Amino acid sequence: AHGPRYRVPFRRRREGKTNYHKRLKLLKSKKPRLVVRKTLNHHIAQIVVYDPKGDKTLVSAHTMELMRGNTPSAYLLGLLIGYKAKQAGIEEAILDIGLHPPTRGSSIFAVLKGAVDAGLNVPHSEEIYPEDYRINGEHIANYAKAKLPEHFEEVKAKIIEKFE
Amino acid sequence: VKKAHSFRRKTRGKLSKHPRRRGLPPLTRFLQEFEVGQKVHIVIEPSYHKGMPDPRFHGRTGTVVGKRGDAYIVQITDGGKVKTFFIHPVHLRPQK
Amino acid sequence: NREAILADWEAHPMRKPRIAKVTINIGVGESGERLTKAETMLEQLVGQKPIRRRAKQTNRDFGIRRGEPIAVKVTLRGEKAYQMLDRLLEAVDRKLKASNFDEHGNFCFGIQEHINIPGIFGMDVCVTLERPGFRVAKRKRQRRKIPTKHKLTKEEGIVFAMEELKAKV
Amino acid sequence: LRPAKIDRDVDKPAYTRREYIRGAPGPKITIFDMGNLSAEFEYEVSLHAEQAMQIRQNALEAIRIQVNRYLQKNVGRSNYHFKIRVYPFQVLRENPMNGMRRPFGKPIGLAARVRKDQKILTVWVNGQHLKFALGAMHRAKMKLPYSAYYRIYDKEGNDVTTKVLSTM
RNA sequence: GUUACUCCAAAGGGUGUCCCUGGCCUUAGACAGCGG
RNA sequence: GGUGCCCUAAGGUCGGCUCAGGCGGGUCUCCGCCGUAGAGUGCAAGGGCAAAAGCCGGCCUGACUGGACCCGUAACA
RNA sequence: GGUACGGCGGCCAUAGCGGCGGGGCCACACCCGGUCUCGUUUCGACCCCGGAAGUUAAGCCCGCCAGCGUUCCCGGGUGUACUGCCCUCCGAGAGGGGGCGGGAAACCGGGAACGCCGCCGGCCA
């Protein structure tokens, strides 16, 4: 810094991780939040609620425990969290995506699709959702000519038949 | 030359903000909770222009008696008259 | 002093420079109130549109009114820039003067209206270099500044330009 | 011009803001330093006020001229350093008559405000011109609206007025 | 001077007198007178 | 010291981006950098404001209807 | 139980600027390319999409440093400046004084200080 009258921003802003205006608009809703985060090779999905000493995380999910970074895996992650959280007993939520911008055709909204299909109530619109020929994988099974829906489908069956 | 009272009259220090706050307050204030009979302080945040009462009553202490909307109803004593305000909880602060 | 980029390659290319991009402009400005046809020229030259650049505060000589396009600029990267440079360096006289370089590893040709590699242009040509991992001072997420142990100077840039085509003064 | 008892006293707010005072006058005294400015003299000789005063620039310029002439003819320039420490910021007011209808003074002059035991002037001098320094101080003291007293400071800023007076 | 306040003079000065302080002198000091 | 107005945007929201000034290059609008805001805000002063309340755009007309309660002008009264 | 890993946060400079030494299975990054989801008043440079050939140089992580800025303590400055109540105290007056109670700011010297606290994981066994 360079003396008094210099204003040293909040830490999580300084780092570049959190928007406090959006955070406020979301907290004003007293419903639970569904945090969806994306990286180069993985996809994270948590359920959070507010406490004054620090947001408490109820349920979580990770693509690693899944396998035991694309739209198919995003959908399956959504499925996983939707079956976990409705078991926990919280049949309502709202979406938080953070500093990712909203674009129709993104694995974040595929996570939304999965969490809905798994049966969890989350307000949305049926137009940002990617198309199922990107969901299943036909995009990569088409790039193949210049991962298989076999595996996608029997994995979907695994998840559902285990979280029935 | 006389001059009526108005909202922002002689508010150059009372509604000035320290040069090191300068922005949004922490979010542990917009979401404050209060009960009935709870005593509260009236302390104004100059950045939020919604639900802000007359600065005449900056620094006074009242009691909560209800809720309307996201606002709280507050009673203060002004001489021997009772006065009722509708205030947003970022402008308030609990005793002790 | 070639030991500098010697060390560049030594450590490994993570610390190696390269060309971030190139740009070309009408510098002294010749449209005034018009939208000239060097517009069409530059497109014939390269093969992608030129970018108008409107006026500013009412001036005295160059753009004496606001809002009126006066100039043109364009941007090249990838291989177009490498290629377009390979003619241009040969076109200018050899042993380039570091006295037009930038104190941080950049430069911008003064020279005006010379035609090479196959009538009026007045022109200014600027280059921008950077090591690879500069992404982070641009990207939203976790943006921050760049230290000095990863930035550039005059010398490394000079030796990198000397690497192909022209030698220096 | 009008007597100085009207402007001696300090019982009145400060009036120093020219970006609000319309018609504020301009200074007469424009020289505050004299002699050898780059210098390493031995003895320092300063007037202190005995009580709060309000000194006009007329008086300051009178003091300047008198003292500087005296020391130029009795000491020489390379051997003394003379400084005035205080600038006139206080604007003085006079009522233009109508009588006492709309009374609020229009500006006439300037003054320097000085508090108790404050320095006003200073003559830096060697040890073989102290007589002249003190004569200068007498001449200056004679031209002020209230009283004053002098000391003699050493480098290291210490009072030696007694040890020096007793021996000269 | 013999005035709590109501109703009462200064800057500048004083071998007038009573006191504090610090240097230099002193068994020949500081004035006088006798001469160099 | 100012007001007796102006604005279909200078009004609502959504998204993206950052200012004045200077240094270093090129000639008489182009690249890079430092920059807590030293700019701007429809109009005075004060206050507020930086992933913005500023600039760039896209879609709209909450500048609506029917009604309650409370603060000020006008402290206490 | 272990980690020279991570996401969401609270207090919002005792956390900031600057400087240095070290580290990289799992993870975050920088990277190659982009037809399509998306678009750049012109460029997969920015943003979005699929992978990893390469490395730790940068960001991230561990450790330290008192050059600048901030905050707290110990002595001085100093019971100084200013001040509430009372006074048949001083003073020609301006303004000062006594008693009973409160009480700084600058500056000097010396210390500490280069962030603390929550919830949930992931992987090694």
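Here Cβ is always computed from backbone atoms with ideal geometry, including for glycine, and neighbour counts include all displayed protein chains. Values quoted throughout were computed directly from the atomic coordinates according to the rules given, and no laboratory measurement underlies them.
Listed by first and then second residue, the pairs linking a residue in region D:133-162 that is within 14 Å of another protein chain (Cβ to nearest Cβ) to a residue that is of a type in the set (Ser, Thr, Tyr) and within 14 Å of RNA strand E (Cβ to nearest atom), with Cβ atoms under 9 Å apart and 6 or more places separating them unless they lie on different chains, form an empty list.
For region D:13-37, which positions are over 29 Å from D:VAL123 (Cα atoms) and among the hydroxyl-bearing types (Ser, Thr, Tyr)? Answer for region D:13-37, where residues must be over 29 Å from D:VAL123 (Cα atoms) and among the hydroxyl-bearing types (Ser, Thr, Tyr): D:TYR15, D:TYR20. When you scan region B:50-66, how many residues do you find that are surrounded by fewer than 13 Cβ atoms within 10 Å (Cβ to Cβ) and either small (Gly, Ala, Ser) or over 24 Å from B:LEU24 (Cα atoms) (or both)? Qualifying residue count, region B:50-66: 2.
Going by what's in this entry, would D:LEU134 be described as more than 16 Å from RNA strand G (Cβ to nearest atom), closer than 21 Å to D:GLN54 by Cα and not in a loop (DSSP other than H, G, I, E, B)? Spelling it out, it is not the case that D:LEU134 is more than 16 Å from RNA strand G (Cβ to nearest atom), closer than 21 Å to D:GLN54 by Cα and not in a loop (DSSP other than H, G, I, E, B). None of B:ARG12, B:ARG8, B:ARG20, B:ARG29 is within 28 Å of A:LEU27 (Cβ to Cβ), exposed (fewer than 12 other Cβ atoms within 10 Å of the Cβ) and among the basic types (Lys, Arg) except B:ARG20. Taking the condition more than 14 Å from chain C (Cβ to nearest Cβ), within 16 Å of RNA strand F (Cβ to nearest atom) and surrounded by 12 or more Cβ atoms within 10 Å (Cβ to Cβ), does A:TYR20 pass? Judged against the criteria, A:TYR20 is a match. A Cβ distance below 9 Å, combined with a sequence gap of six or more or placement on separate chains, defines the contacts here; from region C:132-154, residues that are within 12 Å of another protein chain (Cβ to nearest Cβ) and more than 18 Å from C:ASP8 (Cα to Cα) reach residues that are surrounded by 13 or more Cβ atoms within 10 Å (Cβ to Cβ) and among the acidic types (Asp, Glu) in the pairs C:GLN142/A:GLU15; C:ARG144/A:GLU15. Mind listing whichever residues of region C:22-39 are more than 18 Å from C:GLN112 (Cα to Cα) and surrounded by 15 or more Cβ atoms within 10 Å (Cβ to Cβ)? If the condition is that a residue be more than 18 Å from C:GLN112 (Cα to Cα) and surrounded by 15 or more Cβ atoms within 10 Å (Cβ to Cβ), then C:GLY32 is the only one that fits.
The C-beta contact set for region A:141-164 (first residue of a type outside the set (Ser, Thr, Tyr), second residue assigned to a helix (DSSP H, G or I), distance under 6 angstrom, 6+ apart or interchain) comprises A:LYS147/A:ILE140; A:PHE152/A:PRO72; A:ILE159/A:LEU79; A:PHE163/A:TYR83. The single condition from (1) part of a loop (DSSP other than H, G, I, E, B); (2) more than 14 Å from every other protein chain (Cβ to nearest Cβ); (3) near RNA strand F (Cβ under 10 Å from one of its atoms); (4) surrounded by 12 or more Cβ atoms within 10 Å (Cβ to Cβ) that B:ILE73 fails is (1). Tell me which residues, restricted to region A:129-155, are hydrophobic (A, V, I, L, M, F, W, C) and more than 18 Å from A:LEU79 (Cα to Cα). Of everything in region A:129-155, those that are hydrophobic (A, V, I, L, M, F, W, C) and more than 18 Å from A:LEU79 (Cα to Cα) turn out to be A:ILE140, A:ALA141, A:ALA144, A:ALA146, A:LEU148. Screening C:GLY27, C:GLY63 for residues that are under 15 Å from the mean Cα position of the chain (by Cα) and in a loop (DSSP other than H, G, I, E, B) leaves exactly one candidate, C:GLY27.
Exactly one residue out of A:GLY82, A:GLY78, A:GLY89, A:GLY98 is more than 8 Å from RNA strand G (Cβ to nearest atom) and more than 28 Å from A:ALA141 (Cβ to Cβ), and it is A:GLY89.
Scanning region C:99-122 for residues that are part of a loop (DSSP other than H, G, I, E, B) and within 16 Å of the chain's Cα centre (by Cα) gives C:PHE101, C:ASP102, C:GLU103, C:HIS104, C:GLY105, C:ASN106, C:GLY110, C:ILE111, C:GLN112, C:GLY122. Among the residues of region A:72-128, the ones that are surrounded by 20 or more Cβ atoms within 10 Å (Cβ to Cβ) and under 10 Å from the mean Cα position of the chain (by Cα) come to 14 in all. Report yes if A:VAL8 is loosely packed, with under 14 Cβ neighbours inside 10 Å, of a type outside the set (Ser, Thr, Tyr), closer than 20 Å to C:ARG141 by Cα and more than 14 Å from chain C (Cβ to nearest Cβ), otherwise no. It is true that A:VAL8 is loosely packed, with under 14 Cβ neighbours inside 10 Å, of a type outside the set (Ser, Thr, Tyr), closer than 20 Å to C:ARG141 by Cα and more than 14 Å from chain C (Cβ to nearest Cβ).
Condition first: more than 16 Å from RNA strand E (Cβ to nearest atom), away from every other protein chain (no Cβ under 14 Å), on the phi < 0 side of the Ramachandran plot and small (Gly, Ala, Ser). Can you find one or more residues in region D:115-131 that meet it? Within region D:115-131 (the criterion being more than 16 Å from RNA strand E (Cβ to nearest atom), away from every other protein chain (no Cβ under 14 Å), on the phi < 0 side of the Ramachandran plot and small (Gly, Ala, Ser)), the answer is no, since none of the residues qualifies.
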